[PDB]
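Only one chain comes next, encoded as structure tokens, the form deposited in one PDB entry.
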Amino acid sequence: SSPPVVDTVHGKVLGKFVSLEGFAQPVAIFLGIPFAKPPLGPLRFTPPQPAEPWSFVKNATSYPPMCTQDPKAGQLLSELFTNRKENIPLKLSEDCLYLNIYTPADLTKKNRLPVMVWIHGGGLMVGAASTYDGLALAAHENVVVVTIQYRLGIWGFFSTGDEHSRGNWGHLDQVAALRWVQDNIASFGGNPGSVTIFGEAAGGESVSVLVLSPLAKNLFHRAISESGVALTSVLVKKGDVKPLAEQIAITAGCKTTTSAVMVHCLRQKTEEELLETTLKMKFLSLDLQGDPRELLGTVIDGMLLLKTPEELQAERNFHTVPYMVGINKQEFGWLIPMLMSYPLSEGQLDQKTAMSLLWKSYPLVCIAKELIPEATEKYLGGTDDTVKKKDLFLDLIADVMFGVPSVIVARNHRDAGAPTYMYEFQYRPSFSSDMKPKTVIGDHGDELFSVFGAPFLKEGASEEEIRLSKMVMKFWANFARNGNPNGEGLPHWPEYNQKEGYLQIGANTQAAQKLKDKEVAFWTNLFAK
């Protein structure tokens, strides 16, 4: 009747009710709650500060701006990934440190429901919380769903490699949002003692990063990485970040005399100017010319990450929470290459062209030139059919970006004594772009529709697709509840232990063993030549 009003640490918020078919209790939704001070002016390239408190009742019933980003690419990704019947257009702003809350709890009664905090993907460059409607997951599984934003691109990841601009601002924003959830979620019927972080692609990489960061201690109790981990190398910069910083500075019209001079100049630029610079840098496509070894992202900054992910894994001081790590069958099948304008159009590929392409693909796969013939031969050499070569080439890219890093992370996590689970998702959603070939199954992002209940929001899902979403949401929420996805009515999902059991999720969901085992061996041996 009366819209719901909730006390938070910094003031009161007003949300709205939305009913979902099948559920008598409306879900209370609060959109655009700030969890930090807007990072404007001198606060650019600094850690997020607490939000300033507000008087009276803040109206939390409209979607916030998305963090500044290429609007064309951001809109396109939102349209492709949204679980909503209609994509919600968003404004851009630097003032973007907001989260959205979907709580199925009757807030007039006592509730301490599991909380699931969603970290969106988009390469650390694009993306928005508001793409993901929490309504269906929250109602079907009785969990509080929180979708967060974090600074993107230059704003989120500009690093001088030193104390004048350490980097990882967007990850610090993710931490700040988690701190806010600890301090406030009980007011929305959530249990701050049961917080599950989950995310896809760059969001899954962020989750994996958080598992490795001391700054995230006591902020979550389970984790889920979907199609991205901290060994997804395209997102993690090792070695010297100064040349990139200088390139950004120069492109923005700034001198490079010192790091502090660069950062000061960049802090005087307008949002418009930094977006112009962003677009000039071409951050989500491959460089046409010159050395492939010459992207923005996560760095080893000394505050969030003290050493490389590989070193932190070997040390097992990371957070040994229950962790679910998964991939999709064909991660490089359609969506990623299409969004990147990846330079492969023909539908066939000879081996010479494959080798040159894999070198030009260095930013994505990080494969040294001397290793390229041996890698290309492994995947493509067994067949003289150039169509088949092309499909195997897409498998090559997927395995290096996603499957191999995911299994290495899951193995290290298990070996530290943490409960670990894996999956491979193999289904082609009806919600796919009708420009995607009918034969691409388990593309990057295809699991999103199941996790977020798209069959309950969008039109056209088959009986099988409806049931697949129910099953997936239930596994995810059981994992949030118990650190173990299993429950009555659901296929058995083995623990990822020394037998390396994992779940093959799709139309016929069943357990299997030793996901990507032969691929991990191949690549690990190759990279150690």
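Numbers for residues come from their place in the sequence shown, where the first is 1.
Missing here is the form deposited with a small molecule bound; even so, the following discussion is about that form.
Considering the small molecule in the deposited bound form, the lone stretch of 410-418, 187-195, 327-335, 214-222 in range is 327-335 [heavy atom distance within 4.5 Å]. Although the partner is absent from this view, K390 contacts the small molecule in the deposited bound form, with a non-hydrogen atom inside 4.5 angstroms. At a distance threshold of 4.5 angstroms between non-hydrogen atoms, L344 is in contact with the small molecule in the deposited bound form.
Taking the partner from elsewhere, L394 is found to have a heavy atom lying within 4.5 Å of the small molecule in the deposited bound form. In the deposited bound form, the small molecule sits within 4.5 Å of a heavy atom belonging to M435.
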